[PDB]
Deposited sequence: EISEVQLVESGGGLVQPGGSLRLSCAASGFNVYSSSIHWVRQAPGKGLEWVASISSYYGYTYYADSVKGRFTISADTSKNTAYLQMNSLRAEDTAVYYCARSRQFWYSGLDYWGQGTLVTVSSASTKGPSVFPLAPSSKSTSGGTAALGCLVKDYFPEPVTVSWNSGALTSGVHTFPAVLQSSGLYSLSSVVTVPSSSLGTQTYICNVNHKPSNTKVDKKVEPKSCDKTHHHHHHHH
């Protein structure tokens, strides 16, 4: 039994996106395929469900009239169609599965495809040194996630803390890393193909 899904990414606000969940190992008539989204840092939330046996589809009140769920019984897949995406619709979407006869909880889940909506385009990170013991580097105004931060090309992985990125009001992401040295930075942005190396001194 496997629940493989894909089709996420970045979609402009007000656009459309199509998510597919290719269920395998069971049948679409003996199971009901549900969709669950999780906002970043928040709890789970239910959005849509389909019951192929009875031909019944349900939607959440916050997504009624904008999300349409459908399934192809021949290919044993479930399709979720997103329309009129707003800033509140960005989350990680899972594809659950519950027994039809009878319901006993979502015992099988997918792996989750990240979905984000933003008017900001793709931009390169900027490295700002943090002179002082403690020392670190600051990277701000980059998009999208993620950014890999290495110190001395990963020579010293001890005493290094990389805080998670935070989104400010400008629609861009920014994080920082700090290294503590008693006596005495490589940043890579794969989507933008930017690799900047900087050194910080007192």
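Which parts of the deposited sequence lack C-alpha coordinates in this model? Number from residue 1, please. Missing C-alpha atoms (numbering from 1) occur across the ranges 1 to 4, 137 to 145, 198 to 205, 224 to 237.
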